[PDB]
Amino acid sequence: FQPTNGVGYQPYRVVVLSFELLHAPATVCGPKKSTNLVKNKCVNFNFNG
Amino acid sequence: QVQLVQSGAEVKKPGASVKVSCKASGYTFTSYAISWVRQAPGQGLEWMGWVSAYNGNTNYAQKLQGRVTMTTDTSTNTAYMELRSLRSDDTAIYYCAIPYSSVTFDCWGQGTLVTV
Amino acid sequence: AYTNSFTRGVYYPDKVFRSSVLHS
Amino acid sequence: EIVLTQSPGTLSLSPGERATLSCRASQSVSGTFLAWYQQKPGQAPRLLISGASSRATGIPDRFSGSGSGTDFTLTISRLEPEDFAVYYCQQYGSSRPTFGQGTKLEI
């Protein structure tokens, strides 16, 4: 790591997010407001992804 | 917890040579490269040179080239600095320094005054 | 000494519910 | 080589008021590749700001640094009695890093 060298050699911080899907009940998800559930009609639902 | 104790002050005649040591402890000596800075009394700081503690690759200053030489003892976790053919105005407080948690400036030593 | 383990050690392989079906 | 000049060698100010320091460069320096130094009398120099905007650990919020390219400025909002020391500017954008000559604050 040289700070006096060419730019393609200077250190970069990399974080890799690896996702395991279907492996267990879903627990990590974004801020989405929920609503009440309506029965006996075809509705476009989203249950834990 | 990190402490660096350098060698004592030196008084010498013009043209001679001087070597200054600095012992290191509390960190992996090989992991952080060492840096040397000179500061004459009343003047500013001037960087002296670099030597990595892993492989020993070299990058000296043009002004001081042909007179300065750093070596490190990994077993004793101690850094050295050899300087030959001194002149009068080179009388200064000599610091050893490794960057830790900072790009530069970390761990400046207690200083060694070489009087020529 | 050794014994023979008969019809043992079966567990739910995938935690997904299935019924009235044969799954490999 | 890039040379540094700080316009005020010493600033005589009563504690409580506004102080400003300058330190410019001759050839352009990346903003990230910068730091700022405070060297107490008889103690090793201490990094006040690095990255030309970001403080180090244990630095009071009264300090702050800014600037990019060649011209750089250090800000001190409130002068406390212990703050009276010497301050060094340093850039390490390319090859040899060059340090400052220092600026003293007087009561």
# chains A, B, ... in the order shown; residues from 1 in each chain; ligands from 1
$ residues_around --residues "segment 87-91 of chain D" --least-positions-apart "6" --cutoff "10 Å" --atoms "only C-alpha atoms" --output "ChimeraX atom specification"
/B:44-45,104 /D:2-6,21-25,29-40,45-52,70,72-74,97-105
$ residues_around --residues "segment 48-51 of chain B" --least-positions-apart "4" --cutoff "8 Å" --atoms "only C-alpha atoms" --output "PyMOL selection string"
chain B and resi 33-38+56-61+64+70-71
$ write_last_selection --atoms "C-alpha atoms" --output "PDB file, in the first residue's frame"
ATOM      1  CA  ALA B  33       6.458   0.350   8.566  1.00  0.00           C
ATOM      2  CA  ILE B  34       8.832   2.786  10.389  1.00  0.00           C
ATOM      3  CA  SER B  35       9.364   6.489   9.528  1.00  0.00           C
ATOM      4  CA  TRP B  36      12.084   8.983  10.536  1.00  0.00           C
ATOM      5  CA  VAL B  37      11.652  12.776  10.874  1.00  0.00           C
ATOM      6  CA  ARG B  38      14.221  15.482  11.660  1.00  0.00           C
ATOM      7  CA  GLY B  56      13.084  -4.230   3.816  1.00  0.00           C
ATOM      8  CA  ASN B  57      12.449  -2.340   0.560  1.00  0.00           C
ATOM      9  CA  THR B  58      14.051   1.087   0.331  1.00  0.00           C
ATOM     10  CA  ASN B  59      12.946   4.685  -0.370  1.00  0.00           C
ATOM     11  CA  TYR B  60      15.430   7.392   0.696  1.00  0.00           C
ATOM     12  CA  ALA B  61      15.393  11.185   0.361  1.00  0.00           C
ATOM     13  CA  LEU B  64      20.166  12.964   2.505  1.00  0.00           C
ATOM     14  CA  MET B  70      18.142   2.282   8.434  1.00  0.00           C
ATOM     15  CA  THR B  71      18.085  -1.378   9.516  1.00  0.00           C
TER      16      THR B  71
END
$ residues_around --residues "residue 21 of chain B" --least-positions-apart "5" --cutoff "7 Å" --atoms "only C-alpha atoms" --output "list in words"
residues 6, 7, 79, 80 and 81 of chain B
$ interface_residues --of "chain A" --to "chain C" --cutoff "10 Å" --atoms "only C-alpha atoms" --output "mmCIF file with N, CA, C and O atoms, in the first residue's frame"
data_model
loop_
_atom_site.group_PDB
_atom_site.id
_atom_site.type_symbol
_atom_site.label_atom_id
_atom_site.label_comp_id
_atom_site.auth_asym_id
_atom_site.auth_seq_id
_atom_site.Cartn_x
_atom_site.Cartn_y
_atom_site.Cartn_z
ATOM 1 N N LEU A 22 -34.274 -18.501 1.228
ATOM 2 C CA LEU A 22 -35.102 -19.685 1.521
ATOM 3 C C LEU A 22 -34.577 -20.570 2.651
ATOM 4 O O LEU A 22 -35.261 -21.510 3.067
ATOM 5 N N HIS A 23 -33.364 -20.289 3.134
ATOM 6 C CA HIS A 23 -32.681 -21.136 4.108
ATOM 7 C C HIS A 23 -33.363 -21.196 5.471
ATOM 8 O O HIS A 23 -33.161 -22.179 6.189
ATOM 9 N N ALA A 24 -34.187 -20.198 5.833
ATOM 10 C CA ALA A 24 -34.818 -20.108 7.149
ATOM 11 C C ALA A 24 -35.969 -19.096 7.068
ATOM 12 O O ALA A 24 -36.220 -18.599 5.970
ATOM 13 N N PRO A 25 -36.848 -18.961 8.080
ATOM 14 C CA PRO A 25 -37.837 -17.869 8.045
ATOM 15 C C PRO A 25 -37.177 -16.507 7.845
ATOM 16 O O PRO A 25 -36.079 -16.250 8.344
#
$ residues_around --residues "residue 107 of chain D" --least-positions-apart "4" --cutoff "7 Å" --atoms "only C-alpha atoms" --output "PDB file with N, CA, C and O atoms, in the first residue's frame"
ATOM      1  N   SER D  12      -1.405  37.323  18.198  1.00  0.00           N
ATOM      2  CA  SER D  12      -1.588  37.783  19.601  1.00  0.00           C
ATOM      3  C   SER D  12      -3.074  38.036  19.852  1.00  0.00           C
ATOM      4  O   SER D  12      -3.551  39.120  19.469  1.00  0.00           O
ATOM      5  N   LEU D  13      -3.769  37.083  20.475  1.00  0.00           N
ATOM      6  CA  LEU D  13      -5.207  37.206  20.660  1.00  0.00           C
ATOM      7  C   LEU D  13      -5.570  36.869  22.098  1.00  0.00           C
ATOM      8  O   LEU D  13      -4.983  35.967  22.701  1.00  0.00           O
ATOM      9  N   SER D  14      -6.535  37.609  22.639  1.00  0.00           N
ATOM     10  CA  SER D  14      -7.075  37.299  23.951  1.00  0.00           C
ATOM     11  C   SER D  14      -7.894  36.009  23.871  1.00  0.00           C
ATOM     12  O   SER D  14      -8.464  35.703  22.820  1.00  0.00           O
ATOM     13  N   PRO D  15      -7.914  35.204  24.938  1.00  0.00           N
ATOM     14  CA  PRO D  15      -8.715  33.965  24.919  1.00  0.00           C
ATOM     15  C   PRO D  15     -10.207  34.264  24.834  1.00  0.00           C
ATOM     16  O   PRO D  15     -10.753  34.999  25.658  1.00  0.00           O
TER      17      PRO D  15
END
$ interface_residues --of "chain B" --to "chain D" --cutoff "8 Å" --atoms "only C-alpha atoms" --output "list in words"
residues 43, 44, 45, 46, 47, 61, 103, 105, 108, 109 and 110 of chain B
$ interface_residues --of "chain A" --to "chain D" --cutoff "9 Å" --atoms "only C-alpha atoms" --output "list in words"
residues 3, 4 and 5 of chain A
$ closest_residue --among "B:42, B:116, B:84, B:5" --to "residue 86 of chain D" --atoms "only C-alpha atoms"
B:42
$ atom_distance --atom1 "atom CA of residue 26 of chain D" --atom2 "atom CA of residue 71 of chain D"
8.8 Å
$ residues_around --residues "residue 17 of chain D" --least-positions-apart "6" --cutoff "10 Å" --atoms "only C-alpha atoms" --output "count of residues only"
5
$ atom_distance --atom1 "atom CA of residue 2 of chain B" --atom2 "atom CA of residue 112 of chain B"
18.6 Å
$ atom_distance --atom1 "atom CA of residue 2 of chain A" --atom2 "atom CA of residue 100 of chain B"
15.2 Å
